[PDB]
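In structure tokens, the next block holds one chain alone, the form deposited in one PDB entry.
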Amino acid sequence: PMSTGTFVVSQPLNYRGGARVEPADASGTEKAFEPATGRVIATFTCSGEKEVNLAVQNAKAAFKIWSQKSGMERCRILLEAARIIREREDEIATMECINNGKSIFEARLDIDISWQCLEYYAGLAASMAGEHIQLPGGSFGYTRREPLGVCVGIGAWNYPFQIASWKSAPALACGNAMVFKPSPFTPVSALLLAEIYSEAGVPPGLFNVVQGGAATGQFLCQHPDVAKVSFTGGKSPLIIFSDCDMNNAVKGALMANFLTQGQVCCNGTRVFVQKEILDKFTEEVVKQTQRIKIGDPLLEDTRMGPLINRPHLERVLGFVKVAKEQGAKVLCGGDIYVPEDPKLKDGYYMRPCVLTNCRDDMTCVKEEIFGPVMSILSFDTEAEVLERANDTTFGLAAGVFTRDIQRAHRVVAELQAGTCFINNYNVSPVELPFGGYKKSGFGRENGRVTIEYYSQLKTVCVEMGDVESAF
């Protein structure tokens, strides 16, 4: 029943002891917006030192209770929380859309990964085991993974609910308590998560939320009772050879640039296209790009909502202005989009941008824009691309499009990108294993590695026989 241009936060945005609270202390005052309308949905207080201390002391007490619960008990509560998220999916997706501006289409996908994450770690909480080892004469050594205590999770504005689920689910599955600090741009959706954990049966204090910016974050990092803080060259390339399947390359290109309004570092923004198919690819992309439905994020047919805020939209438009000054040819977009609905008129919209005649020395090719901007760079040979494209960090992604798999695997072996795609490109958070595919699963390793980030190995040795003295 919740629609665009109506929502106003009517409750406090901090969460401690199983209840929404006003911060005890201030480190600022921020405004959260509905990017679709440009309306202020909340004027909230940034948490000070005393408030951060209260949230950590509260989490410490909940940790002491929760860490004493068995794996199977923590699993039951996390599986209930996953069922509550699934039942309230649309309500959560709606609230995510209002504050962030992504399409209800993409918000539902984030909520799915959110409850999937919770079930995965709940499963791991229930099945965890340490090692048992035999020592001579009946003596034995055994290991167990223990939680750390109070963990802090830092939020980002591009995947608010998802980052919050993805940080808290493993931390909590381990036996830890979490103090979460959302991005001051997106304070709202993390409270839905806090409320849902409480409903599922987590002890009061286990998942706390303190709102704030840099000063709040610093108070959390510096807090002596905080065990751990979980934070959030060239840019991600997309290579399109002339032997590729045109339609799939065009579809991949648009998916790699214009999903989440292109406000992701995952995005395959540098689109290296082979000289022979340049013209055909460029024309088909512009054609498919001009068809992208820009509008109200709550509408089922919207595939492009607004940019997070007004300063962010101005920055993206600034990059387009500098691009054409530097010699780029704007094919479509890169300008303010005006919707027909007068309730969306002060909303932060723009037309998706496709740039041709791009060079490696251009700032639009060098810098990550965080907007719907595609840079098309022409290339001649496999050797040339790999030279221009291998200045990419491991933390980034890459995609290759070719029908010949020998070429594909050769290019994937050469590129320094941690996540590679062959004849596809998925835009998904870094933390997601197997490039964030739908019917993929998490595998086993990802959870093992993230479980050990939120825990410590305790070792016990039992001497059965007598002590062998060196003296």
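If you superpose the two forms and keep the largest set of C-alpha atoms that fall within 1.5 Å, you have the rigid core. Numbering starts at 1 and runs along the sequence shown.
> Quick test of your reading: does residue 233 have no coordinates in a third or more of the other entries compared?
Across the compared entries, residue 233 is left out in at least a third.
> Indicate whether the chain is continuous between residue 381 and residue 382 or, if not, how many deposited residues are absent from the coordinates: none, 1 to 3, 4 to 9, or 10 or more.
Going from residue 381 to residue 382, the model skips no residues of the deposited sequence.
> Given the B-factors recorded for C-alpha atoms, which segment has the greater mean, 339 to 347 or 392 to 400?
392 to 400 has the higher mean C-alpha B-factor.
> Please compare 65 to 73 with 410 to 418 and say which has the higher mean C-alpha temperature factor in the record.
Looking at the record's C-alpha B-factors, the answer is 410 to 418.
> At the C-alpha atoms, which of 99, 288, 230, 302 reaches the highest B-factor in this entry?
Highest CA B-factor of the listed options: 288.
> Highest recorded C-alpha temperature factor, please, choosing from 150, 330, 78, 191.
When the deposited C-alpha B-factors of 150, 330, 78, 191 are compared, 330 is largest.
> Looking at the C-alpha B-factor of residue 168, is it in the lowest, middle or highest third of its chain?
For residue 168, whose C-alpha B-factor we compare with every modelled residue in the chain, the answer is the lowest third.
> Classify residue 35 as lowest, middle or highest third according to the C-alpha B-factor given in the PDB entry, relative to its own chain.
It falls in the bottom third of the chain.
> By the record's CA B-factor, is residue 57 among the lowest, middle or highest third of residues in the chain?
Lowest third, going by the recorded CA B-factors of the chain.
> Please place residue 445 in the lowest, middle or highest third of its chain according to the CA B-factor in the PDB entry.
Middle third of the chain for residue 445's C-alpha B-factor.
> Classify residue 48 as lowest, middle or highest third according to the C-alpha B-factor given in the PDB entry, relative to its own chain.
Middle third of the chain for residue 48's C-alpha B-factor.
There is another form of this protein, the form deposited in another entry, and it is not shown here; the text below is about that form.
> For the set 335, 91, 382, 112, which residue undergoes a C-alpha shift of 2 Å or more between the shown form and the other one, given alignment on the rigid core?
Single residue meeting the criterion: 382.
> Quick check: residue 8 between the shown form and the other one - does its CA shift reach 2 Å or more after fitting the rigid core?
No, the C-alpha position differs by under 2 Å between the shown form and the other one.
> Is residue 442 one of the residues whose Cα moves 2 Å or more between the shown form and the other one, with the core superposed?
It does shift by 2 Å or more.
> Can a Cα shift of no less than 2 Å be assigned to residue 29 between the shown form and the other one, given superposition on the rigid core?
No, the C-alpha moves less than 2 Å.
> Out of closer and farther, which fits the Cα atoms of residue 434 and residue 159 in that other deposited form compared with this form, where the change is 3 Å or more?
Distance between the C-alphas of residue 434 and residue 159: shorter in that other deposited form, by 3 Å or more.
> How does the CA gap of residue 99 and residue 432 change in that other deposited form versus this form, closer or farther, if it moves 3 angstroms or more?
Here the pair is closer than in that other deposited form; there, farther apart.
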